[PDB]
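Pasting run18.txt here (compact mmCIF, C-alpha atoms):
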# COMPACT_ATOMS: atom_id res chain seq x y z
CA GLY A 99 -25.91 -12.22 -36.25
CA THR A 100 -29.71 -12.27 -36.46
CA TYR A 101 -31.06 -12.16 -32.87
CA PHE A 102 -30.59 -10.35 -29.57
CA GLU A 103 -29.20 -12.53 -26.78
CA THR A 104 -31.56 -11.19 -24.12
CA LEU A 105 -31.01 -11.73 -20.40
CA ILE A 106 -32.98 -10.48 -17.39
CA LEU A 107 -30.58 -8.94 -14.89
CA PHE A 108 -33.32 -8.15 -12.36
CA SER A 109 -37.10 -8.18 -11.92
CA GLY A 110 -38.51 -6.50 -8.82
CA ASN A 111 -39.71 -3.29 -7.16
CA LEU A 112 -36.95 -0.79 -7.93
CA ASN A 113 -39.00 2.37 -7.44
CA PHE A 114 -39.32 3.78 -10.95
CA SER A 115 -41.83 6.17 -12.49
CA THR A 116 -42.55 7.09 -16.10
CA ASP A 117 -42.45 10.78 -15.10
CA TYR A 118 -38.77 10.30 -14.07
CA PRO A 119 -36.97 8.56 -16.97
CA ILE A 120 -33.44 7.10 -16.89
CA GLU A 121 -30.16 8.82 -17.75
CA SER A 122 -27.12 6.55 -17.71
CA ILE A 123 -23.33 6.41 -17.98
CA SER A 124 -21.46 3.17 -18.69
CA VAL A 125 -17.74 2.33 -18.52
CA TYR A 126 -15.55 -0.59 -19.62
CA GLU A 127 -12.75 -1.35 -17.15
CA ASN A 128 -12.23 -5.08 -17.84
CA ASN A 129 -13.96 -8.18 -19.21
CA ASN A 130 -16.01 -8.59 -16.00
CA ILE A 131 -16.43 -5.08 -14.54
CA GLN A 132 -18.78 -3.52 -17.10
CA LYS A 133 -20.81 -1.02 -15.09
CA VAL A 134 -23.87 1.09 -15.89
CA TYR A 135 -24.57 4.04 -13.60
CA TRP A 136 -28.07 5.49 -13.92
CA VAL A 137 -30.10 8.16 -12.14
CA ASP A 138 -33.71 9.24 -11.81
CA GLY A 139 -34.83 12.70 -10.79
CA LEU A 140 -36.74 11.09 -7.90
CA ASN A 141 -34.80 8.11 -6.51
CA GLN A 142 -31.27 7.34 -5.37
CA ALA A 143 -28.51 6.87 -7.93
CA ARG A 144 -27.70 3.22 -8.59
CA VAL A 145 -25.19 0.92 -10.30
CA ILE A 146 -25.33 -2.44 -12.07
CA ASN A 147 -22.61 -4.69 -13.47
CA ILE A 148 -24.14 -6.16 -16.63
CA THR A 149 -21.79 -9.18 -16.49
CA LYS A 150 -23.47 -10.50 -13.32
CA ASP A 151 -26.79 -12.34 -13.09
CA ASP A 152 -27.22 -12.89 -9.32
CA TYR A 153 -28.90 -9.58 -8.42
CA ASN A 154 -31.65 -10.69 -6.04
CA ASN A 155 -32.75 -7.48 -4.25
CA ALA A 156 -33.16 -3.79 -5.03
CA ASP A 157 -30.40 -2.79 -2.56
CA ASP A 158 -27.62 -4.48 -4.56
CA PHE A 159 -27.51 -1.50 -6.96
CA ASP A 160 -26.92 1.36 -4.50
CA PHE A 161 -23.65 3.27 -4.34
CA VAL A 162 -23.25 2.03 -0.76
CA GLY A 163 -22.91 -1.69 -0.15
CA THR A 164 -25.22 -4.00 1.77
CA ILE A 165 -24.46 -6.50 4.54
CA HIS A 166 -26.46 -9.74 4.58
CA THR A 167 -24.65 -11.80 7.23
CA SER A 168 -24.48 -10.98 10.94
CA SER A 169 -20.75 -10.41 11.42
CA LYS A 170 -19.54 -11.26 14.94
CA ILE A 171 -16.06 -9.77 15.42
CA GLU A 172 -14.52 -9.98 18.90
CA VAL A 173 -11.14 -8.34 19.61
CA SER A 174 -8.95 -9.60 22.46
CA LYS A 175 -5.54 -8.34 23.59
CA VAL A 176 -2.51 -10.63 23.41
CA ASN A 177 0.54 -9.65 25.47
CA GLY A 178 4.20 -10.51 24.89
CA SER A 179 4.69 -9.95 21.16
CA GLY A 180 4.37 -6.72 19.18
CA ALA A 181 5.30 -3.05 19.41
CA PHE A 182 2.68 -0.43 20.31
CA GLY A 183 2.44 3.00 21.90
CA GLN A 184 0.86 3.70 25.27
CA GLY A 185 -2.83 4.55 25.19
CA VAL A 186 -6.23 3.17 24.27
CA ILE A 187 -7.01 1.72 20.83
CA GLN A 188 -10.30 1.08 19.02
CA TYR A 189 -10.76 -1.09 15.93
CA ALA A 190 -13.22 -0.33 13.12
CA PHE A 191 -14.24 -2.64 10.27
CA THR A 192 -15.95 -2.22 6.91
CA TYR A 193 -16.46 -4.40 3.85
CA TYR A 194 -15.51 -3.16 0.41
CA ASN A 195 -15.63 -4.92 -2.94
CA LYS A 196 -12.53 -4.78 -5.11
CA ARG B 981 28.25 -7.88 21.84
CA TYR B 982 30.57 -4.91 21.29
CA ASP B 983 32.36 -4.51 24.65
CA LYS B 984 35.93 -5.71 25.21
CA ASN B 985 35.37 -7.04 28.76
CA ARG B 986 35.14 -10.61 27.44
CA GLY B 987 37.33 -13.50 28.53
CA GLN B 988 39.41 -11.59 31.09
CA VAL B 989 40.36 -12.89 34.52
CA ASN B 990 39.94 -9.56 36.34
CA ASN B 991 36.15 -9.13 35.92
CA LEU B 992 36.23 -6.93 39.03
CA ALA B 993 34.57 -3.72 37.79
CA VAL B 994 32.20 -5.39 35.31
CA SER B 995 28.56 -4.33 35.40
CA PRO B 996 25.54 -4.19 33.03
CA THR B 997 26.92 -0.77 32.00
CA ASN B 998 30.07 -2.41 30.55
CA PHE B 999 29.82 -6.18 30.34
CA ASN B 1000 26.80 -7.14 28.17
CA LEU B 1001 26.50 -4.20 25.80
CA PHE B 1002 24.67 -5.23 22.64
CA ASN B 1003 24.18 -4.10 19.04
CA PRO B 1004 20.79 -5.47 17.85
CA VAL B 1005 21.42 -4.93 14.12
CA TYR B 1006 23.39 -8.16 13.72
CA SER B 1007 20.19 -10.06 14.67
CA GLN B 1008 18.63 -9.20 11.31
CA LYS B 1009 16.61 -11.49 9.04
CA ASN B 1010 16.47 -11.68 5.23
CA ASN B 1011 13.54 -9.26 5.35
CA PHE B 1012 14.38 -7.21 2.25
CA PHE B 1013 13.31 -9.84 -0.31
CA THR B 1014 10.09 -11.37 1.04
CA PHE B 1015 7.26 -13.22 -0.70
CA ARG B 1016 3.87 -14.78 0.03
CA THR B 1017 1.33 -17.31 -1.21
CA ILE B 1018 -1.27 -16.59 -3.90
CA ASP B 1019 -4.66 -18.21 -4.58
CA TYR B 1020 -5.06 -19.58 -8.11
CA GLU B 1021 -8.87 -19.41 -8.08
CA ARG B 1022 -8.80 -15.77 -6.94
CA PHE B 1023 -9.64 -13.26 -9.69
CA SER B 1024 -7.09 -10.43 -9.73
CA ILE B 1025 -7.24 -8.63 -13.05
CA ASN B 1026 -4.33 -8.26 -15.45
CA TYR B 1027 -6.05 -6.50 -18.40
CA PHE B 1028 -6.01 -2.69 -18.68
CA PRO B 1029 -7.42 -1.60 -22.07
CA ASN B 1030 -7.57 2.08 -21.05
CA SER B 1031 -4.03 2.49 -19.75
CA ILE B 1032 -0.80 3.92 -21.16
CA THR B 1033 2.65 3.31 -19.67
CA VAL B 1034 5.58 5.67 -20.20
CA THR B 1035 9.25 4.71 -19.99
CA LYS B 1036 12.21 6.98 -19.20
CA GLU B 1037 13.92 9.19 -21.75
CA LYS B 1038 16.70 7.18 -23.38
CA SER B 1039 20.00 8.26 -21.88
CA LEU B 1040 21.85 7.03 -24.99
CA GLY B 1041 24.76 6.22 -22.70
CA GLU B 1042 26.44 3.04 -21.54
CA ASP B 1043 23.57 1.71 -19.44
CA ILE B 1044 20.35 -0.28 -19.90
CA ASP B 1045 17.76 0.44 -22.58
CA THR B 1046 15.02 2.35 -20.75
CA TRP B 1047 12.40 1.08 -23.21
CA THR B 1048 12.95 -2.54 -22.16
CA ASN B 1049 12.66 -1.56 -18.47
CA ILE B 1050 8.91 -1.15 -17.86
CA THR B 1051 8.00 -0.19 -14.29
CA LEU B 1052 4.34 0.93 -14.62
CA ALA B 1053 5.31 3.97 -12.52
CA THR B 1054 4.12 6.66 -14.98
CA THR B 1055 0.79 5.22 -16.10
CA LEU B 1056 -2.05 7.16 -17.71
CA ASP B 1057 -5.61 5.88 -18.16
CA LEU B 1058 -8.03 7.28 -20.73
CA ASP B 1059 -11.81 7.40 -20.43
CA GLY B 1060 -13.32 3.92 -20.44
CA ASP B 1061 -16.80 4.88 -21.65
CA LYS B 1062 -15.47 5.61 -25.19
CA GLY B 1063 -13.57 2.37 -25.76
CA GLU B 1064 -10.29 0.52 -25.66
CA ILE B 1065 -7.08 2.07 -27.00
CA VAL B 1066 -7.22 0.88 -30.61
CA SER B 1067 -4.11 2.75 -31.77
CA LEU B 1068 -1.60 5.36 -30.63
CA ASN B 1069 0.07 7.59 -33.23
CA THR B 1070 2.35 10.63 -33.39
CA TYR B 1071 2.02 13.52 -35.86
CA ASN B 1072 4.06 16.73 -35.76
CA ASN B 1073 5.59 16.32 -32.30
CA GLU B 1074 2.27 15.32 -30.67
CA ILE B 1075 0.86 11.91 -29.74
CA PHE B 1076 -2.76 11.22 -30.69
CA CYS B 1077 -4.64 8.20 -29.36
CA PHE B 1078 -7.41 6.52 -31.33
CA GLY C 442 13.88 -22.91 0.19
CA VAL C 443 11.35 -20.50 1.70
CA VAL C 444 10.10 -20.52 5.31
CA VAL C 445 7.83 -18.67 7.75
CA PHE C 446 9.52 -18.40 11.13
CA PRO C 447 7.41 -18.50 14.31
CA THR C 448 6.56 -15.44 16.36
CA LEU C 449 7.09 -15.17 20.11
CA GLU C 450 3.44 -16.12 20.73
CA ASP C 451 3.29 -19.33 18.66
CA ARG C 452 6.74 -20.52 19.77
CA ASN C 453 6.86 -23.90 21.49
CA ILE C 454 10.16 -23.16 23.27
CA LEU C 455 10.26 -19.76 24.96
CA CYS C 456 13.99 -19.87 25.78
CA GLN C 457 16.85 -22.14 26.82
CA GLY C 458 19.32 -21.62 29.64
CA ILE C 459 21.01 -22.99 32.72
CA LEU C 460 19.27 -23.57 36.06
CA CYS C 461 20.86 -21.94 39.12
CA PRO C 462 20.00 -22.93 42.72
CA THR C 463 18.76 -20.15 44.99
CA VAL C 464 19.54 -19.39 48.65
CA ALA C 465 17.48 -18.32 51.66
CA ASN C 466 18.37 -16.91 55.10
CA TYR C 467 16.89 -18.89 58.02
CA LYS C 468 15.34 -15.89 59.75
CA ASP C 469 13.85 -14.60 56.46
CA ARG C 470 12.35 -17.86 55.26
CA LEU C 471 10.50 -17.83 58.62
CA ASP C 472 9.35 -14.18 58.21
CA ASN C 473 8.84 -14.57 54.40
CA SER C 474 10.40 -11.16 53.97
CA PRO C 475 12.70 -12.76 51.44
CA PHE C 476 11.79 -16.44 51.62
CA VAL C 477 14.02 -17.37 48.63
CA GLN C 478 16.61 -14.95 47.10
CA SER C 479 19.23 -15.18 44.29
CA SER C 480 22.72 -16.59 45.11
CA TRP C 481 25.86 -14.50 45.11
CA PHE C 482 27.51 -17.49 43.44
CA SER C 483 26.55 -19.95 40.70
CA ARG C 484 26.14 -23.34 42.34
CA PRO C 485 26.76 -26.13 39.81
CA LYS C 486 26.28 -29.81 40.54
CA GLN C 487 29.28 -32.13 40.62
CA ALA C 488 29.43 -35.28 38.51
CA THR C 489 30.94 -37.51 41.23
CA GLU C 490 31.45 -37.74 44.99
Would it be possible to restate this file's structure as structure tokens?
Amino acid sequence: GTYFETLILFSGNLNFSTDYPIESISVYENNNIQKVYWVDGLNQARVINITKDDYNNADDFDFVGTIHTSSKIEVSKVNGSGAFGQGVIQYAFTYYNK
Amino acid sequence: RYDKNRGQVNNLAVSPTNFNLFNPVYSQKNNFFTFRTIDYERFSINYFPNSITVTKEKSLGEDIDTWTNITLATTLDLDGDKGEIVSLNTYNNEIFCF
Amino acid sequence: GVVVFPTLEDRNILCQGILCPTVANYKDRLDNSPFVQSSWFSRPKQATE
């Protein structure tokens, strides 16, 4: 009504420069996914969800995700149950946020 | 088992080519209608402000009302960076969305 | 009622069936060429003497 409810979504060393201002696009998909894409003429394009307040590093805003934990995934072959075709098989993994 | 060499005293020419023939289909589960558990605390969205469903053309024959049967199979989503679908209206054979 | 049935790997019982005695030729036990071999005939136990 009379004041701006101001929050600080991040405070760090996102490489910015006054000679390369910001140009942004923002979309509303739901009550929690409210994104703001923005680009400099110098640095990588980035994203921020303005309904989230746990942004702790400068790599959380990139188009590509970041992995913090050291995932240890071992694959072993069980025999007796299933239905496969003859040959060799290799498994690949990748995180992705909904 | 679909062979007729069952319960006969001769059993002289029986063999795995004649005696234990098998039709696997009768060993079928109730696989068509299957379900699974859901997590209450998990956040799966159910709100689509920028989304328009379309039903089937009314047959106007002795069958169901297509309007009441919503399948979400012919959806259409407008741009989310303008805003939610406030109103949909039709004027002179054309739909216009506010 | 709604159930999850077990797969062949997590089954406790693999299968159920009769037990049939085997047979072995003297020579061949002693040359291990067959040792033990399957019977022509099913050899059931008798309940009495």
| field | Shell around region 448-459 of chain C at 9 Å using all atoms listed in the file, local window under 2 positions removed, as a list in words | value |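 That gives residues 176, 177, 178, 179 and 180 of chain A; 446 and 461 of chain C.
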Considering only C-alpha atoms, give me a table of residues in chain A that are at most 12 Å from chain B, with the closest atom pair and distance in Å for each, as CSV.
residue,atom,partner,partner_atom,distance
A:122,CA,B:1061,CA,11.2
A:123,CA,B:1061,CA,7.6
A:124,CA,B:1061,CA,5.8
A:125,CA,B:1061,CA,4.1
A:126,CA,B:1060,CA,5.1
A:127,CA,B:1060,CA,6.2
A:128,CA,B:1027,CA,6.4
A:129,CA,B:1027,CA,8.1
A:130,CA,B:1025,CA,9.3
A:131,CA,B:1025,CA,10.0
A:132,CA,B:1061,CA,9.8
A:133,CA,B:1061,CA,9.7
A:134,CA,B:1061,CA,9.9
A:135,CA,B:1061,CA,11.2
A:196,CA,B:1024,CA,9.1
| task | Provide the CA of residue 1040 (chain B) to CA of residue 1057 (chain B) distance in Å, to one decimal place. | result | 28.3 Å
| request: To one decimal in Å, tell me the separation between CA of residue 467 (chain C) and CA of residue 482 (chain C). | output: 18.1 Å
Can you list every residue of chain B that has an atom at most 12 Å from chain C, with its nearest atom pair and the distance in Å to one decimal, using only C-alpha atoms, ordered by chain then number, as a tab-separated table?
residue	atom	partner	partner_atom	distance
B:1009	CA	C:446	CA	10.1
B:1010	CA	C:443	CA	10.8
B:1011	CA	C:445	CA	11.3
B:1013	CA	C:443	CA	11.0
B:1014	CA	C:443	CA	9.2
B:1015	CA	C:443	CA	8.7
B:1016	CA	C:445	CA	9.5
B:1017	CA	C:443	CA	10.9
| Coordinates-based distance that separates CA of residue 1041 (chain B) from CA of residue 1069 (chain B) (Å, one decimal) |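 Answer for the CA of residue 1069 (chain B) to CA of residue 1041 (chain B) separation: 26.9 Å.
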| request: For the point (27.6, -1.7, 20.9) in the file's frame, write as a ChimeraX atom specification all residues with an atom no more than 9 Å away, counting only C-alpha atoms. | output: /B:981-983,1001-1004
| Can you tell me, as a list in words, what residues are no more than 7 Å from region 160-173 of chain A when counting all atoms listed in the file, ignoring any on the same chain fewer than 6 positions away? |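 Listed by chain and then number, they are residues 143, 144 and 145 of chain A.
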| request: Dump as a VMD selection string all residues having an atom at most 12 Å from (8.1, 10.9, -28.7), computed in the file's coordinates with only C-alpha atoms. | output: chain B and resid 1034 to 1038 1068 to 1076
Return as lines of an AutoDock Vina configuration file the box centre and box size in Å, one decimal, for an axis-aligned box around all listed atoms of region 442-453 of chain C padded by 8 Å per side.
center_x = 8.6
center_y = -19.5
center_z = 10.8
size_x = 26.6
size_y = 24.7
size_z = 37.3
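Comparing the minimum interatomic distances between chain A and each of C:489, C:468, C:447, C:481, counting all atoms listed in the file, we find that C:447 sits nearest.
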| task | Can you pull out every residue within 10 Å of residue 154 (chain A), counting only C-alpha atoms, but drop anything in the same chain fewer than 4 positions away, and send it as a PyMOL selection string? | result | chain A and resi 107-110+158
| Leaving out residue 141 (chain A) and any residue of its chain fewer than 2 positions from it, which residues lie within 9 Å of it when counting only C-alpha atoms, given as a PyMOL selection string? | chain A and resi 113-114+118+137-139+143-144
